[PDB]
Amino acid sequence: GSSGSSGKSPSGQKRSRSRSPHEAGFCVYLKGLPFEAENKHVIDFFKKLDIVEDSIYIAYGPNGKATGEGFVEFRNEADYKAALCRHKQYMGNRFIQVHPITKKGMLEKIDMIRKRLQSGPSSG
C-alpha cells in the first residue's frame, strides 16, 4: 500500500440532520457526479453490491446536463454499510462524496428536483 499523495476538493460545505426518528430503508447520497453522469457511473462506484437499477435516481439540469447529484438504495443492509466505507472517492476522473440519507429524506429532494424539470401550470 503506497501512501502516495492526492488532492482535496470539497464542495457543498453543508450538512443534514434529522428532525424525528422514523422508519427508512438503506439509501446513499452521492454528490459531485459528472455532467454526463449515468446509471452506469452510479453502479461503477458501488460495484460488487446489490443496487436496485430502478432506485438509482439522478438529478438532471434544465439544460439536459447532470447537475451532479444522485441517489442509490441497497436492498440488503450489509451491502449498505460498505457503501459508506467508500467515501472520498473519485469517479474515474471526477470527485464525489458519499453520505448516508434516509429513504424518506431521499425522496424529499427527488421531488423538489422534478418540479424543476416538469413543465406545467399545476403547482403539483
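A short reminder: the numbers here are calculations on the coordinates, not readings from a lab. Cβ atoms come from the backbone with ideal geometry, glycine included; neighbour counts cover every protein chain shown.
Just wondering, is there one or more residues in region 24-35 that are β-branched (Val, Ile, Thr), over 22 Å from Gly7 (Cβ atoms) and touching an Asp or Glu at 6+ places or on another chain (Cβ under 8 Å)?
yes
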query: Of the residues in region 61-85, how many are under 10 Å from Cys27 (Cα atoms) and touching a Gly at 6+ places or on another chain (Cβ under 7 Å)?
result: 1
Single match in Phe71, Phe46 (criterion: touching a residue at least 40 places away in the same chain (Cβ under 8 Å) and over 18 Å from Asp111 (Cβ atoms)): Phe46
field: Verdict on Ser2 being closer than 19 Å to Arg86 by Cα and assigned to a loop (DSSP other than H, G, I, E, B)
entry: yes
- prompt: Just to be sure, is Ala59 exposed (fewer than 14 other Cβ atoms within 10 Å of the Cβ), hydrophobic (A, V, I, L, M, F, W, C) and farther than 13 Å from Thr102 by Cα?
  reply: no
task: Consider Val42 carefully, then state whether it is out of contact with any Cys (no Cβ under 6 Å at 6 or more places or on another chain), surrounded by 11 or more Cβ atoms within 10 Å (Cβ to Cβ), in a helix (DSSP H, G or I) and at negative phi.
output: yes
message: Given the condition in contact with a helix residue (DSSP H, G or I) (Cβ under 7 Å, 6 or more places away or on another chain) and surrounded by fewer than 19 Cβ atoms within 10 Å (Cβ to Cβ), answer yes or no: does some residue in region 14-22 qualify?
response: yes
- request: State all residues of region 69-114 that are touching a strand residue (DSSP E or B) at 6+ places or on another chain (Cβ under 7 Å), within 21 Å of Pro21 (Cβ to Cβ) and surrounded by fewer than 18 Cβ atoms within 10 Å (Cβ to Cβ); if no residue qualifies, say none.
  value: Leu84, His99, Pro100, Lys103
statement: In the set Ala59, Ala24, the lone residue that is in contact with a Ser or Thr (Cβ under 6 Å, 6 or more places away or on another chain) and assigned to a loop (DSSP other than H, G, I, E, B) is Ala24
